[PDB]
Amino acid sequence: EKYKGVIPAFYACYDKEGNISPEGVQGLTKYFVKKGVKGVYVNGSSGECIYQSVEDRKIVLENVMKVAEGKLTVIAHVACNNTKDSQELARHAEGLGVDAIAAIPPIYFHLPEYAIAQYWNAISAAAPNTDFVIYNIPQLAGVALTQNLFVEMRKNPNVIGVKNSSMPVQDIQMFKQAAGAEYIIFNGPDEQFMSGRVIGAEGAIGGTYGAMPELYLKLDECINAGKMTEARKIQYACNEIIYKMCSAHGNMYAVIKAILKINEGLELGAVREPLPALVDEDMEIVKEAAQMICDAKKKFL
């Protein structure tokens, strides 16, 4: 129940020198508490985790935990390129009393299911009294979570479910059907939020949620109320905002941090290289998207 609803992915908050900002993180966590979201997914790829050091990630979760404790549920993504660094973040995260721990599969190399199962179980062993969520992200990490690797992962009692980042909503259905009522599948594709929710995803973690959290909460209220016409209107509004945010030269998360600077006065810094920075030409796209968010809120809330 504590994992059901809208859990935005937590962005990377930098200072003007390109280093993790404790004030920025505490600031962005106060924003999510204020917006009334269910939880926060920390140090995921939307949090620029691929580009952070082990110490950078410890500082983010530490500062999220100063603000978020009995108000938001926190999922801490702890996977690293190494099993060793991943175990260190898993220990650390359990040390700060986190709700769940998450892990993408091993990266760059396409390892067998036994190595993937060993990687995830080794991370789960480093935080043995906390919930664990596995992934299905074939498009970035290579291959999709099979039902055989998932059966193997359900042998670990800490596994509470899957973050389904693949595009077929059938994957959600198949994992939910195979796992049953004691597991949860989180909808990954923000653009298919309503579709992944109706077919079986009781959870939803997304990288665009932070830009317009009230829209996803309203969309979720319509889904739970069963008004699919009002839900479909909000989904379409969210999707055109995403497509506008993706039309910039600069990275989507650079666009989102500039939207939050306009709409909320939050200073989250820039995006870490190699993510492309915003250019002068993107500011009109950044202003247009920020206004589309304000307009959607007035129309649907």
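Quick note: we count residues from 1 along the sequence shown, nothing fancier.
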property: Stretch exceeding the other in mean C-alpha B-factor - 279 to 287, 12 to 20; result: 12 to 20
property: Stretch exceeding the other in mean C-alpha B-factor - 74 to 82, 187 to 195; result: 74 to 82
property: Largest Cα B-factor, entry values, listed residues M245, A68, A254, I262; result: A68
property: Residue, from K163, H110, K176, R91, that the PDB entry assigns the highest Cα B-factor; result: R91
property: CA B-factor placement of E267, once the chain's modelled residues are sorted into thirds; result: middle
property: Entry-reported Cα temperature factor of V98, expressed as the chain third it lands in; result: highest
property: Record-listed C-alpha B factor of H249: chain third; result: lowest
property: Cα B factor band for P128 (lowest, middle or highest third within the chain); result: highest
property: Third assignment of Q87 from its chain's C-alpha B-factors; result: highest
